[PDB]
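In the form solved without its partner chain, a lone chain appears below as structure tokens.
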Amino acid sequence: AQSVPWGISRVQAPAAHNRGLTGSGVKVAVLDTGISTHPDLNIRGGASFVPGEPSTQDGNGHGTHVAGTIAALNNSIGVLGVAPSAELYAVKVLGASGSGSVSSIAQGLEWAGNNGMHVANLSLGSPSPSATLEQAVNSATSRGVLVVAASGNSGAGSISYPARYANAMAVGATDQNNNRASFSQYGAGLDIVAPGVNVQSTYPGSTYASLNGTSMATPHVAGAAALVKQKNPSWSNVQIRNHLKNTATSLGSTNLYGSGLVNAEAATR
């Protein structure tokens, strides 16, 4: 039996699926620790920029979990992504320890724009800026990618980079009541929020696990973007981003929540 995680329901993804919108034909790059092969995932391809570790698969689990929130397959097992037909690409920019360099992340963003990705999910960040990172976000954006990135885990009232850059779409995390999660960074530059507490998804070893993080919020919006792209395949990154913000459920306090809670039903009418 397939379980629908509470966050997938809360963002109303199944309403999109019932309109025939599942992310089919939309290329989504997951810039993370890798993506493990898993019965409940379809990984179309990818690249690695982490020296000395295998170019495929995920020795941490983070990237596999994130991938499943975007695109766990719609079937009779496991979980269900926001965009279960999305074409997933595993772009390994963090090593098994879960950290990477500005270099590798930039190399991943270059790869994404050069390979025609429509959406790049970056469940990663740091509080401090980097011109190399900034230039890489701008690059992916220029080449047509919608860059979606986590606000960060510190709980404080500035958001992390690359999320904080204008051309990245910054995502914070809500809890099961839609209140800001205690670890969810907030402040100037936040675009939107999504579920990020007790988020069950795919994990290496053919299993499933629940995680807390802004890294778990992010893929809800990356998947919503894929839904909107399928419905409107000529729209730009910016048009998709703006539509997602405009159709979000306002939660007030934009310093905490940006434009509010991502709403896949409202985004795909």
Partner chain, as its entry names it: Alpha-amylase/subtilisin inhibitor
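Numbering follows the first chain given and starts at 1. For the two forms, the rigid core is made up of the largest set of C-alpha atoms that agree within 1.5 Å on superposition.
With 73-81 and 119-127 as candidates, the stretch whose CA atoms show the greater average offset from this form in 5 other deposited structures of this protein after a core fit is 119-127. Between 7-15 and 248-256, greater CA displacement relative to the shown form is found for 248-256 when the structures in 5 other deposited structures of this protein are fitted on the core.
For the pair 125-133 and 104-112, the mean B factor over Cα atoms is greater in 125-133.
Stretch comparison (40-48 versus 218-226) by mean CA B-factor in the PDB entry places 40-48 on top. For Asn75, the recorded CA B-factor ranks within the lowest third of the chain. Only modelled residues enter the ranking. Split the chain's modelled residues into thirds by C-alpha temperature factor. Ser184 is in the lowest one. When the modelled residues of the chain are ordered by their C-alpha B factor, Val238 lands in the highest third. Sort the modelled residues of the chain by CA B factor and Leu261 lands in the lowest third. Among the modelled residues of its chain, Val4 has a C-alpha B-factor that falls in the highest third, as given in the PDB entry.
Absent from the display: the form deposited with its partner chain bound. The rest refers to it.
Distance criterion of 4.5 Å from any heavy atom to its partner chain in the deposited complex singles out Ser99 from the list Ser99, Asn179, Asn198, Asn114. Exactly one listed residue, out of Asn74, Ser160, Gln107, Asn167, brings a non-hydrogen atom to within 4.5 Å of its partner chain in the deposited complex: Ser160. Comment: 56-64 is the region of 56-64, 238-246, 221-229, 39-47 lying near its partner chain in the deposited complex, near meaning a non-hydrogen atom within 4.5 Å. Although the partner is absent here, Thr174 sits far enough away that none of its heavy atoms falls within 4.5 Å of its partner chain in the deposited complex. The shortest heavy atom separation between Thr202 and its partner chain in the deposited complex exceeds 4.5 Å.
Using a 4.5 Å cutoff between non-hydrogen atoms, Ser142 does not count as a contact of its partner chain in the deposited complex.
Interface membership of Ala83, defined by any non-hydrogen atom within 4.5 Å of its partner chain in the deposited complex, is ruled out.
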